[PDB]
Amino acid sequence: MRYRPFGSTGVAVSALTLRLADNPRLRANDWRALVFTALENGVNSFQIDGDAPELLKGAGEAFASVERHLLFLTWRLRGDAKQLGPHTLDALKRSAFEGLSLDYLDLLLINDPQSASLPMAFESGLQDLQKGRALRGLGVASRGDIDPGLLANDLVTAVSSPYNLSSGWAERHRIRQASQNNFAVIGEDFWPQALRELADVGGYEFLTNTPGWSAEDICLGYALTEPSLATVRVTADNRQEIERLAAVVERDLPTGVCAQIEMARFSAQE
């Protein structure tokens, strides 16, 4: 496993961040086993994207197996960012702090409110958590430009963005600019279900014809080569998948694959 500075916060994160999301098929013991496997492969960055009791029980128990300061724990809030408020803070206290048995979160990752300002009551609550040392930073998940006035908010330490083979110029520009301005950037959607028909496009044959590599592993390897990303979010349903994803971190993408990735759009256009 490889590790990267999380922006200018002074802490480091594994190159992969494991997303944990509600799934009735996974009970507490399964979640514990998944987190243990991730930890044993050097993943120290986890994003909780759910609030089911089985998930919180199993993940919280697994997190407790290691010293807290070695973990980077992010809580994802997917509600409409302009509607967040005291109800959100109460739920966070119940699910994240009580549910995971935590005294602090490293990051709270919200959506872009499409403005320079956050809702007042919610922001006051975040300021209380930060002053109480219960929250180290706020992150903004965006698929567009973020208002510079929101990024200038003293709470904000990070942004998240899709990043994959198909990312266009604007998405790449935003990621590079955020990183150059000392925000940590979390990559998402390295190979999302809705993009995978790319493997059928002329010019992209290498995704499925490179000896020793699968399409998904090439796409993860590509995301791992982007210097602007502090970490790449992944989801795994079983221990074998976690082991395979972590293994990609230590593989070198072949030079010929990198060349074909760079030529692929032109070849597809032609």
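Just count from 1 along the sequence shown to find any residue number.
- Once the C-alpha B-factors are averaged per stretch, 206-214 and 220-228 rank with 206-214 first.
- Just going by the entry, 65-73 versus 51-59 on mean CA temperature factor gives the higher value to 65-73.
- If you compare the C-alpha temperature factors of 161, 157, 181, 114 in the entry, 181 comes out highest.
- Of the residues listed, 173, 143, 78, 196, the entry assigns the biggest Cα temperature factor to 173.
- Placement of the Cα temperature factor of residue 139 within the chain: lowest third of the modelled residues, per the deposited record.
- The entry lists a Cα temperature factor for residue 23 that places it in the middle third of the chain's modelled residues.
- Ranked by Cα temperature factor within the chain, residue 106 sits in the lowest third according to the deposited record.
- When the CA B factors of the chain's modelled residues are split into thirds, the value for residue 16 lands in the lowest one.
- Ranked against the other modelled residues of its chain, the C-alpha B-factor of residue 187 as given in the entry falls in the lowest third.
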